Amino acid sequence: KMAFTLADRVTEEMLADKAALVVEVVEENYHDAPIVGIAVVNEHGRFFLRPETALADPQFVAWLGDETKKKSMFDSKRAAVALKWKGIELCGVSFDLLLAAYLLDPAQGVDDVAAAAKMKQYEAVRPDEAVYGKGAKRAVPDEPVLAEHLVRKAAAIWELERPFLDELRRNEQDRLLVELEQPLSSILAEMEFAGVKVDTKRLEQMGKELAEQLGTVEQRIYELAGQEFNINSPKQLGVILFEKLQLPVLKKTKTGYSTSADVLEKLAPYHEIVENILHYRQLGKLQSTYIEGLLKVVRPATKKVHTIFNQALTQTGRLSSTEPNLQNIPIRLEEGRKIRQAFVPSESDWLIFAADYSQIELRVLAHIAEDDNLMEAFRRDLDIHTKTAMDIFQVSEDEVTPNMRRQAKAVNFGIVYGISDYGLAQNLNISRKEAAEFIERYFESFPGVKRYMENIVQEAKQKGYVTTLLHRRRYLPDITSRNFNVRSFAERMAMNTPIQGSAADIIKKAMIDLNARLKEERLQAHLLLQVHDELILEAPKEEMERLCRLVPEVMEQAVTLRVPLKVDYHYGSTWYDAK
């Protein structure tokens, strides 16, 4: 029903200087995954190629890697990384429909060509789930069915580039796509393909030691409970805590008693068992998620883990990281932090280098709100999280522990992003009228932040959306909801999204500038990870001193704000040591 050439060889007219290109990888995780078919649409026609013939053809491989042969694609990072696993370099991607759709409206959740095409009333292509099926029924269809589906996706991309670019231009987002998100896509592909090497001998030794400690704490829990039970059974855990031991019920879930860590900490003065339960869950979390879960995804021949950075998922412009998530590796408790010792350079005599922005969202907020006092604080390089801890806990700077600073950090962000006196009281275990009075004092010191919070909510009501410094956008229809609780969630999104999203814009530009500078200096150093406002690299020992000057400067200069940007950095033998 759509005409195309089912090609048995590669011809010259398939290699035009502009084409829509589909390199189809059906498995969710595209690392080392099969490429099941290829479609090309250009001015000369529509073509389907079997991967075994296209990817062994020297003219087609050359065409893929020629940056002056421009390709329009959907999710070009998936294709670029699967091709790297095939030893083939993909260059010249000038349009990525997934990223164009994400910028126009992140809430659409566009996950396939069909969902993006729907945004422009284009429906001559089927959803990928309709073709491959769901779950245990998932399968690559017959070649005639596969070919038409890939050709239809390519024709869709071919037709949709111009109307997507037109709307991007109207939103002031076309340079955001072409100069930020698409260059970042190629850098992430490199980072994902490089992977991070893991010390599996160390990891497995930790897991065995961990398993002994688990049973020890597990027995003490049974003994404190006077009986054995399933510690992870909420119904049995509830019967022990709030029925047998008759502890007060501070919180319910839609399902029953709450047993979250905040509740259990509040119950610590009543019974020693609740702290054993906390230690027990923490150890179990390390065992299940960060020992066993990480060993499951280590590629055995290289001892590398290859995360996937989802670039078109979060509503603020942040990345996310999956299978494994390398953005939530433990750090705060020393027991969990030790897991970072298992993350090691990929070559001997290389080192890990980590650099992160200091108080990034407060500096962005100072700039966007133009609050005189907050701008002055960062022009003085004050540590606002420490200064808030001193105030909260009535201590001196010398006496601020890491824990108090982490707590004050949640107070600072909580307040600027709309925490109530109730939530602040519960978080600080202070009274409610003291919490409300502290919030009032905070906005007396930063009235420009308060004005900003009021203004941004008004602007969202008028426009229907909020934007970031580099013109990312988030629609907030609920901001005019008549339901108070729904409207209130939307208002906090209007306060938070421009700040968190601008911080995401800045680190992304920093990554692009860093990569260009590393190439200009002919360094072997390369990016491994981004963790929202932190960049993690590895490099030969011999490059560390140049990187100590290069990386902070590139990061601090990524944008020019009304206050300085500040970067902290460390390096060491393992990720653990790069702090």
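Note that residue numbering follows the sequence shown and begins at 1.
On average the C-alpha atoms of 341-349 have higher B-factors than those of the other stretch, with 341-349 and 362-370 being the two compared. The mean Cα B-factor in the deposited entry runs higher for 522-530 than for the other of 522-530 and 506-514. Out of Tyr442, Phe393, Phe95, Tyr475, it is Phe393 whose C-alpha atom has the highest B-factor in the PDB entry. If you compare the C-alpha temperature factors of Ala124, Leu180, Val305, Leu245 in the entry, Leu245 comes out highest. The PDB entry assigns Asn496 a C-alpha temperature factor belonging to the lowest third of its chain's modelled residues. Ranked against the other modelled residues of its chain, the C-alpha B-factor of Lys208 as given in the entry falls in the highest third.
Ranked by Cα temperature factor within the chain, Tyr452 sits in the lowest third according to the deposited record. Sort the modelled residues of the chain by CA B factor and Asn403 lands in the highest third. Ranked against the other modelled residues of its chain, the C-alpha B-factor of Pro144 as given in the entry falls in the highest third.
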